[PDB]
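Quick look at structure.txt (compact mmCIF, C-alpha atoms and all ligand atoms):
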```
# COMPACT_ATOMS: atom_id res chain seq x y z
CA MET Y 1 -24.85 -3.90 -0.94
CA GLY Y 2 -22.99 -6.64 0.82
CA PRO Y 3 -20.28 -6.19 3.43
CA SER Y 4 -17.10 -6.91 1.48
CA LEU Y 5 -18.10 -4.63 -1.35
CA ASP Y 6 -19.11 -1.95 1.14
CA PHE Y 7 -15.79 -2.16 2.96
CA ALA Y 8 -13.62 -1.97 -0.22
CA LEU Y 9 -15.66 0.89 -1.65
CA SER Y 10 -15.46 2.71 1.66
CA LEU Y 11 -11.68 2.21 1.63
CA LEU Y 12 -11.58 3.71 -1.79
CA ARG Y 13 -13.61 6.68 -0.81
CA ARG Y 14 -11.92 7.42 2.48
CA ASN Y 15 -8.37 6.03 2.54
CA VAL Y 16 -7.01 4.90 -0.85
CA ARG Y 17 -5.77 7.73 -3.02
CA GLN Y 18 -4.50 8.39 -6.53
CA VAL Y 19 -0.94 9.78 -6.50
CA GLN Y 20 1.95 10.65 -8.76
CA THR Y 21 5.62 11.16 -7.93
CA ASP Y 22 8.68 11.57 -10.14
CA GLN Y 23 8.52 7.80 -10.55
CA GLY Y 24 4.95 7.79 -11.91
CA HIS Y 25 1.47 6.67 -10.72
CA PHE Y 26 0.93 4.85 -7.48
CA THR Y 27 -1.87 3.99 -5.11
CA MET Y 28 -1.35 5.52 -1.63
CA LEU Y 29 -2.97 4.30 1.60
CA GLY Y 30 -3.83 7.01 4.17
CA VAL Y 31 -3.77 5.24 7.57
CA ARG Y 32 -4.63 7.79 10.22
CA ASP Y 33 -4.26 11.50 10.91
CA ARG Y 34 -1.82 12.91 8.26
CA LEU Y 35 0.06 9.59 7.98
CA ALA Y 36 0.10 7.56 4.76
CA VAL Y 37 2.11 4.75 3.35
CA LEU Y 38 3.60 4.11 -0.07
CA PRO Y 39 5.98 1.62 -1.65
CA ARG Y 40 9.55 2.76 -1.08
CA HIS Y 41 10.33 2.70 -4.85
CA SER Y 42 7.78 5.42 -5.42
CA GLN Y 43 10.55 7.71 -4.07
CA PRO Y 44 8.30 10.56 -2.88
CA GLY Y 45 10.10 13.94 -2.78
CA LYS Y 46 9.28 17.12 -0.88
CA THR Y 47 5.89 17.25 -2.53
CA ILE Y 48 3.55 14.69 -3.95
CA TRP Y 49 0.59 15.05 -6.26
CA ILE Y 50 -2.53 13.65 -4.58
CA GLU Y 51 -5.70 13.36 -6.73
CA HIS Y 52 -6.07 16.98 -7.78
CA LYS Y 53 -3.38 18.94 -5.97
CA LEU Y 54 0.23 19.13 -4.93
CA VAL Y 55 0.70 18.26 -1.28
CA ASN Y 56 3.79 19.01 0.84
CA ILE Y 57 5.45 16.08 2.57
CA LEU Y 58 6.57 17.04 6.08
CA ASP Y 59 8.44 13.76 6.81
CA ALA Y 60 9.28 10.45 5.15
CA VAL Y 61 10.46 7.33 6.93
CA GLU Y 62 11.73 4.37 4.89
CA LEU Y 63 10.98 1.22 6.98
CA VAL Y 64 13.70 -1.39 7.61
CA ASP Y 65 13.76 -4.46 9.86
CA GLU Y 66 16.22 -5.17 12.69
CA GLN Y 67 18.69 -6.83 10.31
CA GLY Y 68 18.72 -3.54 8.33
CA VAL Y 69 16.86 -5.09 5.48
CA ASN Y 70 14.41 -3.09 3.33
CA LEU Y 71 10.71 -3.49 4.09
CA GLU Y 72 9.79 -1.56 0.90
CA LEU Y 73 7.43 0.84 2.72
CA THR Y 74 7.80 4.51 3.25
CA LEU Y 75 5.70 6.30 5.81
CA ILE Y 76 4.93 9.84 4.85
CA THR Y 77 3.54 12.67 6.91
CA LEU Y 78 1.47 15.16 4.94
CA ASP Y 79 0.76 18.85 5.32
CA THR Y 80 -2.93 18.54 4.89
CA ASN Y 81 -5.85 20.30 6.35
CA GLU Y 82 -7.58 17.22 7.64
CA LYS Y 83 -7.08 13.70 8.97
CA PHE Y 84 -7.57 10.35 7.26
CA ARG Y 85 -10.25 8.02 8.70
CA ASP Y 86 -8.23 5.93 11.19
CA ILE Y 87 -8.02 2.37 9.85
CA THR Y 88 -5.24 1.02 12.08
CA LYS Y 89 -7.82 -1.24 13.82
CA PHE Y 90 -8.25 -3.11 10.50
CA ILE Y 91 -4.51 -3.75 10.21
CA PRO Y 92 -3.42 -6.91 12.10
CA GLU Y 93 -0.87 -6.76 14.92
CA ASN Y 94 1.38 -9.19 13.06
CA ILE Y 95 1.83 -9.87 9.38
CA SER Y 96 -1.04 -12.07 8.36
CA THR Y 97 -2.10 -14.28 5.48
CA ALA Y 98 -5.62 -14.54 4.05
CA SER Y 99 -7.93 -16.39 1.66
CA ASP Y 100 -9.77 -14.96 -1.36
CA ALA Y 101 -8.10 -11.52 -0.94
CA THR Y 102 -8.77 -8.56 -3.14
CA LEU Y 103 -6.26 -6.04 -4.32
CA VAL Y 104 -7.69 -2.55 -4.39
CA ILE Y 105 -5.96 -0.13 -6.80
CA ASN Y 106 -6.54 3.54 -7.29
CA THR Y 107 -4.47 5.44 -9.82
CA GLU Y 108 -5.24 7.98 -12.55
CA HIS Y 109 -4.60 5.22 -15.04
CA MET Y 110 -6.39 2.47 -13.03
CA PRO Y 111 -9.04 4.23 -11.03
CA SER Y 112 -11.11 2.24 -8.48
CA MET Y 113 -9.84 -1.10 -9.67
CA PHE Y 114 -10.60 -4.40 -7.95
CA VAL Y 115 -8.41 -7.38 -8.65
CA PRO Y 116 -9.29 -10.77 -7.20
CA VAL Y 117 -5.82 -12.05 -6.30
CA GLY Y 118 -6.96 -15.07 -4.28
CA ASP Y 119 -5.20 -16.66 -1.30
CA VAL Y 120 -2.32 -14.64 0.14
CA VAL Y 121 0.45 -16.68 1.64
CA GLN Y 122 3.62 -16.06 3.61
CA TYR Y 123 6.61 -15.56 1.39
CA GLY Y 124 9.34 -13.79 3.33
CA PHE Y 125 12.45 -12.88 1.41
CA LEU Y 126 12.13 -11.26 -1.96
CA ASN Y 127 14.61 -9.74 -4.33
CA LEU Y 128 12.95 -7.16 -6.49
CA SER Y 129 14.80 -4.93 -8.94
CA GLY Y 130 18.10 -5.77 -7.22
CA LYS Y 131 16.93 -4.83 -3.67
CA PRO Y 132 16.55 -7.57 -1.05
CA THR Y 133 13.31 -7.31 0.84
CA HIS Y 134 11.80 -8.90 3.92
CA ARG Y 135 8.34 -9.60 5.27
CA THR Y 136 6.57 -10.03 1.93
CA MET Y 137 3.57 -12.13 1.09
CA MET Y 138 2.60 -13.71 -2.25
CA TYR Y 139 -0.55 -14.26 -4.29
CA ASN Y 140 -0.71 -16.36 -7.47
CA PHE Y 141 -2.04 -13.68 -9.79
CA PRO Y 142 -0.29 -11.97 -12.70
CA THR Y 143 -0.38 -8.42 -11.39
CA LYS Y 144 0.81 -5.61 -13.65
CA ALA Y 145 3.04 -2.60 -13.66
CA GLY Y 146 1.11 0.42 -12.38
CA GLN Y 147 -0.50 -1.59 -9.57
CA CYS Y 148 2.08 -0.85 -6.88
CA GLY Y 149 0.75 0.69 -3.76
CA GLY Y 150 -2.38 -1.27 -4.26
CA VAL Y 151 -3.96 -2.38 -1.01
CA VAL Y 152 -4.36 -6.05 -0.21
CA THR Y 153 -7.59 -6.62 1.66
CA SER Y 154 -9.70 -9.52 2.96
CA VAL Y 155 -12.62 -9.92 5.33
CA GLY Y 156 -12.46 -6.42 6.77
CA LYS Y 157 -8.69 -6.46 7.17
CA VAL Y 158 -5.93 -4.50 5.48
CA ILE Y 159 -2.95 -6.74 5.30
CA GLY Y 160 -0.60 -5.51 2.65
CA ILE Y 161 0.61 -3.08 0.07
CA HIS Y 162 1.41 -4.33 -3.40
CA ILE Y 163 5.04 -3.93 -4.32
CA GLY Y 164 5.66 -6.08 -7.41
CA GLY Y 165 5.30 -9.31 -9.33
CA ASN Y 166 6.96 -11.66 -11.82
CA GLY Y 167 4.26 -12.03 -14.46
CA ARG Y 168 2.68 -15.04 -12.81
CA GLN Y 169 2.69 -13.98 -9.18
CA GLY Y 170 2.20 -10.82 -7.17
CA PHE Y 171 3.81 -9.75 -3.92
CA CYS Y 172 2.99 -7.29 -1.11
CA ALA Y 173 4.90 -5.83 1.76
CA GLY Y 174 3.00 -7.07 4.78
CA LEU Y 175 1.41 -4.55 7.13
CA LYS Y 176 1.44 -4.56 10.92
CA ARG Y 177 -0.31 -2.20 13.24
CA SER Y 178 2.89 -1.15 15.03
CA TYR Y 179 4.30 0.56 11.90
CA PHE Y 180 1.70 3.25 12.43
CA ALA Y 181 1.79 3.74 16.20
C1 LIG L 201 5.14 -1.38 -9.16
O1 LIG L 201 6.17 -0.73 -8.67
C2 LIG L 201 5.76 -2.54 -10.00
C3 LIG L 201 4.80 -3.71 -10.35
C4 LIG L 201 5.31 -5.05 -10.93
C5 LIG L 201 5.66 -5.07 -12.42
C6 LIG L 201 5.18 -6.41 -13.02
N1 LIG L 201 4.44 -6.95 -11.90
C7 LIG L 201 4.24 -6.13 -10.95
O2 LIG L 201 3.14 -6.20 -10.19
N2 LIG L 201 6.80 -3.16 -9.18
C8 LIG L 201 7.97 -3.13 -9.63
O3 LIG L 201 8.17 -2.62 -10.71
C9 LIG L 201 9.07 -3.78 -8.87
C10 LIG L 201 10.17 -2.72 -8.71
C11 LIG L 201 10.93 -2.67 -7.38
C12 LIG L 201 10.66 -3.49 -6.26
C13 LIG L 201 11.42 -3.41 -5.09
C14 LIG L 201 12.46 -2.49 -5.02
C15 LIG L 201 12.75 -1.67 -6.11
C16 LIG L 201 11.99 -1.76 -7.29
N3 LIG L 201 9.40 -5.01 -9.65
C17 LIG L 201 10.06 -5.16 -10.80
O4 LIG L 201 10.55 -4.22 -11.42
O5 LIG L 201 10.18 -6.52 -11.33
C18 LIG L 201 11.49 -6.97 -11.72
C19 LIG L 201 11.46 -8.49 -11.90
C20 LIG L 201 11.94 -6.25 -13.00
```
Go through the file and emit its structure as structure tokens.
Amino acid sequence: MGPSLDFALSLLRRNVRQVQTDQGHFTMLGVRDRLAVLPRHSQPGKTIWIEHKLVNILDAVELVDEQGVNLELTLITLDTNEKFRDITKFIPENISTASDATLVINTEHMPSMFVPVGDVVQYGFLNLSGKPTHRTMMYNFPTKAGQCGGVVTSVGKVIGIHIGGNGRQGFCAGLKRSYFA
């Protein structure tokens, strides 16, 4: 195996999980310890179904910027026996673009799915489903419903979480390392 394939597959094995909430199927990224992140519109409750079992959520934090604007990420703390492989080192310190990125998706309906979204560019403001959203990036790929939560990766870096699209383009909430300090 080569390095990019090894890194994405290792992500899938160790950090990228199949989940279901009242809102349906999402991909969840486990970041470190018992901390994971999901798209805010997943609306996780007191418990979330992860892979094969119902897991209790100890805390949820919906991220907003200084202006009070939605970042579309929710940080959840899980009541789990053991800790996620810490991948904060692979998340850049500031929101970063990339070339030839891959979107990694893992849902019961779309298990271990790799989508070659291409170049990921700065986008900023986005209005999705009526909610105004900052710090997003864009890829020119017609991503689908069911792909939210999907992890945007390139060259050994984890840079975003898929949050929507418009039938021609896809968007992610950018990730920065300080969200997970
Ligand atoms: C995953 O949640 C889903 C994926 C979209 C559907 C088509 N392309 C995609 O990749 N995203 C959405 O459904 C969001 C919903 C959203 C976003 C932010 C805040 C609240 C809800 N987009 C969406 O519904 O698109 C509108 C143009 C209808």
Cut-off 8 Å, only C-alpha atoms and all ligand atoms, neighbours of ligand LIG 201 (chain L) as a ChimeraX atom specification: /Y:26,39-42,72,127-133,142-149,162-167,169-171
Computed interatomic separation between atom CA of residue 60 of chain Y and atom CA of residue 78 of chain Y (Å):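 According to the coordinates, atom CA of residue 60 of chain Y and atom CA of residue 78 of chain Y are separated by 9.1 Å.
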Point-to-point distance from atom CA of residue 64 of chain Y to atom CA of residue 29 of chain Y, Å rounded to tenths: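 Rounded to one decimal, the two atoms are 18.6 Å apart.
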Y:180, Y:27, Y:49, Y:89 ranked by distance to residue 110 of chain Y, top pick (using all atoms listed in the file): Y:27
Contact residues around residue 118 of chain Y with only C-alpha atoms at 7 Å, ignoring same-chain residues under 3 positions, as a list in words: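 Contacts, in chain order: residues 99, 100, 101, 102 and 139 of chain Y.
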Selected residue, from Y:43, Y:70, Y:20, Y:178, that lies nearest to residue 126 of chain Y when counting all atoms listed in the file: Y:70
Atom pair atom CA of residue 117 of chain Y / atom CA of residue 152 of chain Y: separation (Å):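 Atom CA of residue 152 of chain Y lies at a distance of 8.7 Å from atom CA of residue 117 of chain Y.
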Option closest in space to residue 150 of chain Y, from Y:2, Y:30, Y:68, Y:92 [counting all atoms listed in the file]: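 Residue with the minimum atom-to-atom distance to residue 150 of chain Y: Y:30.
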Among listed residues Y:181, Y:16, Y:38, Y:31, nearest residue 87 of chain Y (using only C-alpha atoms): Y:31
Nearest to residue 28 of chain Y, chosen from Y:62, Y:119, Y:79, Y:51, with only C-alpha atoms counted in the distances: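 Of the candidates, the smallest distance to residue 28 of chain Y is held by Y:51.
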Selected residue, from Y:75, Y:120, Y:36, Y:91, that lies nearest to residue 158 of chain Y when counting only C-alpha atoms: Y:91
For residue 179 of chain Y: contacts at 10 Å, only C-alpha atoms, fewer than 2 positions along chain excluded, given as a VMD selection string: chain Y and resid 37 63 73 75 88 91 93 175 to 177 181
Some atoms are absent from segment 66-92 of chain Y, so rebuild N, CA, C and O atoms and return them as a tab-separated table (two decimals), in the frame of the given file.
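Below is the file that was written, part24.tsv:
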```tsv
chain	number	residue	atom	x	y	z
Y	66	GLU	N	15.10	-5.21	11.75
Y	66	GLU	CA	16.22	-5.17	12.69
Y	66	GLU	C	17.54	-5.52	12.01
Y	66	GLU	O	18.58	-5.02	12.36
Y	67	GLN	N	17.50	-6.41	11.04
Y	67	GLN	CA	18.69	-6.83	10.31
Y	67	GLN	C	19.15	-5.74	9.33
Y	67	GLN	O	20.11	-5.92	8.63
Y	68	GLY	N	18.42	-4.63	9.26
Y	68	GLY	CA	18.72	-3.54	8.33
Y	68	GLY	C	18.17	-3.72	6.93
Y	68	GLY	O	18.50	-2.94	5.99
Y	69	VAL	N	17.33	-4.74	6.77
Y	69	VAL	CA	16.86	-5.09	5.48
Y	69	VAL	C	15.61	-4.22	5.16
Y	69	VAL	O	14.80	-3.90	6.03
Y	70	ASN	N	15.54	-3.81	3.90
Y	70	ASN	CA	14.41	-3.09	3.33
Y	70	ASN	C	13.05	-3.72	3.57
Y	70	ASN	O	12.85	-4.89	3.30
Y	71	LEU	N	12.06	-2.96	4.08
Y	71	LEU	CA	10.71	-3.49	4.09
Y	71	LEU	C	9.88	-3.01	2.88
Y	71	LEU	O	8.75	-3.47	2.68
Y	72	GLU	N	10.43	-2.08	2.12
Y	72	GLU	CA	9.79	-1.56	0.90
Y	72	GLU	C	8.58	-0.68	1.18
Y	72	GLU	O	7.77	-0.41	0.29
Y	73	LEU	N	8.51	-0.13	2.37
Y	73	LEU	CA	7.43	0.84	2.72
Y	73	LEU	C	8.05	2.09	3.16
Y	73	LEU	O	9.04	2.09	3.84
Y	74	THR	N	7.45	3.20	2.77
Y	74	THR	CA	7.80	4.51	3.25
Y	74	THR	C	6.58	5.15	3.88
Y	74	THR	O	5.50	5.18	3.30
Y	75	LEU	N	6.75	5.65	5.07
Y	75	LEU	CA	5.70	6.30	5.81
Y	75	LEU	C	5.89	7.76	5.55
Y	75	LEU	O	6.96	8.29	5.83
Y	76	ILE	N	4.89	8.42	4.99
Y	76	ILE	CA	4.93	9.84	4.85
Y	76	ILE	C	3.94	10.61	5.68
Y	76	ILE	O	2.81	10.23	5.83
Y	77	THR	N	4.39	11.73	6.19
Y	77	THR	CA	3.54	12.67	6.91
Y	77	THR	C	3.22	13.87	6.04
Y	77	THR	O	4.10	14.54	5.55
Y	78	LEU	N	1.94	14.13	5.85
Y	78	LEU	CA	1.47	15.16	4.94
Y	78	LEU	C	1.06	16.46	5.59
Y	78	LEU	O	0.54	16.49	6.71
Y	79	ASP	N	1.20	17.55	4.84
Y	79	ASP	CA	0.76	18.85	5.32
Y	79	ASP	C	-0.67	19.11	4.81
Y	79	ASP	O	-0.95	19.85	3.86
Y	80	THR	N	-1.61	18.44	5.41
Y	80	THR	CA	-2.93	18.54	4.89
Y	80	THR	C	-3.79	19.14	5.90
Y	80	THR	O	-3.48	19.07	7.08
Y	81	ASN	N	-4.92	19.66	5.44
Y	81	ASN	CA	-5.85	20.30	6.35
Y	81	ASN	C	-6.45	19.33	7.30
Y	81	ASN	O	-6.58	19.66	8.48
Y	82	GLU	N	-6.84	18.15	6.79
Y	82	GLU	CA	-7.58	17.22	7.64
Y	82	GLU	C	-7.06	15.76	7.63
Y	82	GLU	O	-6.19	15.39	6.89
Y	83	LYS	N	-7.60	14.98	8.56
Y	83	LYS	CA	-7.08	13.70	8.97
Y	83	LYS	C	-7.76	12.60	8.23
Y	83	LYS	O	-8.96	12.63	8.07
Y	84	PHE	N	-7.00	11.58	7.83
Y	84	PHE	CA	-7.57	10.35	7.26
Y	84	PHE	C	-8.45	9.58	8.28
Y	84	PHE	O	-8.12	9.51	9.44
Y	85	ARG	N	-9.51	8.95	7.82
Y	85	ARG	CA	-10.25	8.02	8.70
Y	85	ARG	C	-9.28	6.98	9.26
Y	85	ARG	O	-8.56	6.35	8.51
Y	86	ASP	N	-9.24	6.81	10.58
Y	86	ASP	CA	-8.23	5.93	11.19
Y	86	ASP	C	-8.61	4.48	10.93
Y	86	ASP	O	-9.65	4.03	11.40
Y	87	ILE	N	-7.80	3.75	10.17
Y	87	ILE	CA	-8.02	2.37	9.85
Y	87	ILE	C	-6.99	1.42	10.43
Y	87	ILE	O	-6.96	0.25	10.05
Y	88	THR	N	-6.22	1.87	11.42
Y	88	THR	CA	-5.24	1.02	12.08
Y	88	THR	C	-5.89	-0.21	12.74
Y	88	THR	O	-5.28	-1.28	12.78
Y	89	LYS	N	-7.13	-0.08	13.20
Y	89	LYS	CA	-7.82	-1.24	13.82
Y	89	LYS	C	-8.01	-2.39	12.85
Y	89	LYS	O	-8.16	-3.52	13.28
Y	90	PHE	N	-8.10	-2.08	11.55
Y	90	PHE	CA	-8.25	-3.11	10.50
Y	90	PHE	C	-6.93	-3.73	10.07
Y	90	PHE	O	-6.92	-4.69	9.30
Y	91	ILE	N	-5.81	-3.19	10.52
Y	91	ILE	CA	-4.51	-3.75	10.21
Y	91	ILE	C	-4.11	-4.73	11.32
Y	91	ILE	O	-4.06	-4.35	12.49
Y	92	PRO	N	-3.77	-5.97	10.99
Y	92	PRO	CA	-3.42	-6.91	12.10
Y	92	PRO	C	-2.15	-6.53	12.87
Y	92	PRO	O	-1.32	-5.72	12.40
```
